[PDB]
């Protein structure tokens, strides 16, 4: 039961958020934000750059000083504040979902049910960890009492993408704040608006000034000012593998800030002949087509065992033709646009390369309409490993179906990539489920399912799909810096 979206949405929060106040850009420049389904301008936003990032970093640093309200507050109160923030998101759920759909080209009921649901659940999970992040007491050698503190890391710069704008925002700030950090967040230039609304809710919830700062603007300006900043203790980034390398490099060049990255993928989904086919087809399909193919974890290499290949192809093609393209706020639309022209063209070019290189176009395979960035859902069969569409992250509604016969071969092929974010396996065989999931070089492996992401699980990549984990117990701990304290005593006892 999903309400009707708001239609005549008026914008309010369009400025830089520092110390719980709204500021104009130091330059005075602004940049436009668009609806990808219509190409209309939604509003303009202050364009943050280096000098705005520097103010935000100062604010975050002051809020993190020993003795400050955020440092001396009970851990349990950090938790309380995070739950209050989630209450405010629930109150503003329609507004946020509409806003997210409009700005992001995202199907409204998905934005309402999945994105917003995920935002709330994430924050609630995080809230619960605040007073449960613990250090140790250690029975070291000699007459000493030794303990550790799990302290916050400090000022954390957080740079995020356009595909799940609000959700990614909360994935970053929730764990950081739960652990006691302060943050400077740089939303994607395509999708600042829901993040800016969150600023108003952070203030309303009662967070002290300087605890969250938000600086909308471009990557090589505001983004790079964060990655290179001499007083940012940690940078966390989600985005393209290419900018990820630049972030790590900049961290090295500047102050050796801690780095965490999630960079997208080319995730294999392997379907063995004993799999439940109905289950497998639907999961594989959603796994590559969700949000117009704009998921990091997209099942973009679908390996199907020979004896079921033709049938799986047939069913996949049938499934891919059940969409109605158009405005994602409009009742009955089941596929939205891609986010912007750069992505649209990237994807068309890759689609052309699959045609040129001999893959079999089964459906779709070109643009749709004459307004907004729409691409027809496309399936290719007889794809081979050396094709661009088998190698490169497409980030559009383009499914690749490939054949295998040997178990050892499909594992080596699945693993033969610099990516490692996720993978899926479909089989009813216990032994294969365990051993194949052990052998895949992927951060998450799903078994008889795909795209199952929950706040209780750590999430992130092997190899060039990432450094570190987000969420679960394991993620939390990476927003802490360990301090060992060792005290000389006259006599130690067990």
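Numbering follows the first chain given and starts at 1.
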Taking the recorded C-alpha temperature factors, which stretch has the higher mean, 315-323 or 264-272?
-> 315-323
Mean C-alpha temperature factor, higher of 170-178 and 295-303 = 295-303
Which has the highest CA B-factor per the PDB entry: 352, 77, 151, 92?
-> 352
The largest CA temperature factor among 118, 161, 208, 366 is found at 366
Looking at the C-alpha B-factor of residue 429, is it in the lowest, middle or highest third of its chain?
-> highest
Within-chain third of residue 47 by Cα B-factor, per the entry = middle
Going by the recorded CA B-factors, say which third of the chain residue 135 sits in, lowest, middle or highest.
-> lowest
So, residue 125's CA B-factor, relative to its chain, sits in which third? The lowest
With respect to C-alpha B-factor, does residue 200 fall in the lowest, middle or highest third of the chain as deposited?
-> lowest
